[PDB]
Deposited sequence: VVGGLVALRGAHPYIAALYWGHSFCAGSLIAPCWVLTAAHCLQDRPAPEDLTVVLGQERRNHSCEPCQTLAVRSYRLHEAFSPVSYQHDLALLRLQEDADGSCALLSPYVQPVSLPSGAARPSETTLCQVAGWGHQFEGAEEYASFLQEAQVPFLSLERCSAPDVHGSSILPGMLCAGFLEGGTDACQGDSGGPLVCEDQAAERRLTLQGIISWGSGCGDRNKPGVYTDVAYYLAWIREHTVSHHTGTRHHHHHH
């Protein structure tokens, strides 16, 4: 029995005329890419929607929340895209409550740390993708894709991605498709060094169609994550 949605952890981030995807990791915390927020957008500007099916559409199970604070990695290189992750702190509603777990909204598990994915480890990426301005009624539904994992040996190679792959990045893709997937968005993969079979291995970074995708390697920042969520 399936009493939980597809990708019920996926968060949508709206401010101004800007948009990023994200990953609910606890009911009060969302994890994204750094570069979505370089410009230092004032927390009170941002809107985050959980449990959303189509981009910028409302829906019964959608929960809209305000963001009370965020932060980017100290070492985030706006040039190289290296420490590309930020945390956002949702705003506890009246009565001290962020993101009411439902079939449509549940956090996603962080990686074991001892998640050592081979290249036949199965992985999935989800998002909305490009949508044309205007005409909210012709939105697009959440989409998904199986991507194979890509060892850094094969990814860091120059016919491929070269010295552009720094520490704390990983790749998944086909060498040879990719318009779904939004900045900030989740890559989730089989783990089995956690009780929960599925874990959050990636955040969508850069990479884009004929060349692999590059992701912040979430285990790598696993301490940064706790150091900053335990608050």
Ranges of the deposited sequence (numbered from 1) for which no C-alpha atom is modelled:
1-5, 182-184, 217-220, 244-255
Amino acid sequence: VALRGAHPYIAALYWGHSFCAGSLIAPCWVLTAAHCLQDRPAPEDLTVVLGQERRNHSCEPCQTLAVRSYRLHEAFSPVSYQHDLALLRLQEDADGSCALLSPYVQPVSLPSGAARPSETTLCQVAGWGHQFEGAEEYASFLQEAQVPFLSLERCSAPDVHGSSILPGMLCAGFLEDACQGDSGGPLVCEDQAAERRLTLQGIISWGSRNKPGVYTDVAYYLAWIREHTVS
From here on, numbers count along this sequence of modelled residues.
Which has the higher mean CA temperature factor in the PDB entry, 209-217 or 5-13?
209-217
Per the PDB record, is the mean Cα temperature factor higher over 161-169 or over 198-206?
161-169
Taking the values straight from the PDB record, which of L90, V108, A114, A126 has the highest C-alpha temperature factor?
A114
Member of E176, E44, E53, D39 with the greatest C-alpha B factor (per the PDB record):
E176
Could you look up the Cα B-factor of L85 in the entry and say which third of the chain it sits in: lowest, middle or highest?
lowest
Where does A99 sit by CA temperature factor within its chain: lowest, middle or highest third?
lowest
Lowest, middle or highest third: which one holds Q143 when the chain's residues are ordered by CA B-factor from the entry?
lowest
Could you say whether, by C-alpha temperature factor, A193 belongs to the lowest, middle or highest third of its chain?
highest
